[PDB]
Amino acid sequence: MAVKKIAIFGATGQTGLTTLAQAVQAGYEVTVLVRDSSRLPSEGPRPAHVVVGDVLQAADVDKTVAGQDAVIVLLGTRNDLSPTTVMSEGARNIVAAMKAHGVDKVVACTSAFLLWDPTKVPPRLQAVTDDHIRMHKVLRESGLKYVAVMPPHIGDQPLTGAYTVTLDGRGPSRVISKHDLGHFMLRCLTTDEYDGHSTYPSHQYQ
């Protein structure tokens, strides 16, 4: 296929695990970056290549980005709402590696709160949102072919492929299943129509 080799950052995470499973089923040759302490589960889908290391190390990000057709970014801090720069600094490393290695397409997940009135963002989520804002600025200013995926609440509902994709604004539902979010990140590999846009995927599960 046109896009065949992809790097996934955050493959062990809630959305990353289903994105990886869908990508392997769809025939992608997937490279993952995993932290040493948190490898992919034994019984699950196996990627083609594993780099062990940290997104905060340029060397490890370089190893993961080299030779790819595109990059998916599903970094996050799991339940931890503390102040952080891991997403934005990870994105700085990813941008630098993509430029050095001639990779252009990056589909990266931040949050629908980037499209909210800031007075309404829940204060408990402001520290994480501040880093999503930093991350989105890094990716927007890079000049790369960047699809800004900005989901609302990530739920455990099924894969449908039937969700709404709202461009450059908030969508009509406040949930997307983790499986649909991963499906959309992969869909963004096969089209240029979302490049340079913010995208809000959402659905009503019924």
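Between two forms, the rigid core is defined as the largest C-alpha subset superposing within 1.5 Å. All residue numbers are counted from 1 along the displayed sequence.
Q.
Core-aligned, RMS over all structures and residues: is 130-138 or 112-120 the stretch with the greater C-alpha displacement in 8 other deposited structures of this protein?
A. It is 112-120 whose C-alphas lie farther from the shown form in 8 other deposited structures of this protein.
(Q) Using the rigid core for superposition, please say which stretch has the greater CA deviation in 8 other deposited structures of this protein, 170-178 or 139-147. (A) Comparing 139-147 with 170-178, the one that moves more in 8 other deposited structures of this protein is 170-178.
Q: Could you check which stretch, 167-175 or 142-150, carries the larger mean CA temperature factor in the entry?
A: Result: 167-175.
Q: Between 117-125 and 131-139, name whichever shows the higher mean Cα B factor according to the PDB entry.
A: Higher mean C-alpha B-factor: 117-125.
Q: Can you work out whether the C-alpha temperature factor of residue 24 puts it in the lowest, middle or highest third of the chain?
A: Within its chain, residue 24 is a highest-third residue by C-alpha B-factor, going by the deposited values.
Q. Which third of the chain does residue 110 land in by C-alpha B-factor: lowest, middle or highest?
A. For residue 110, the deposited C-alpha B-factor lands in the lowest third.
Q | Ranked C-alpha temperature factor of residue 13 among modelled chain residues, by third | A | Middle third, going by the recorded CA B-factors of the chain.
(Q) How does the C-alpha B factor of residue 43 compare with the rest of the chain: lowest, middle or highest third? (A) As the PDB entry reports it, the C-alpha B-factor of residue 43 lands in the highest third of its chain.
Q) Relative to the other modelled residues in the chain, which third contains the C-alpha temperature factor of residue 180: lowest, middle or highest? A) Tercile = lowest for this residue's CA B-factor.
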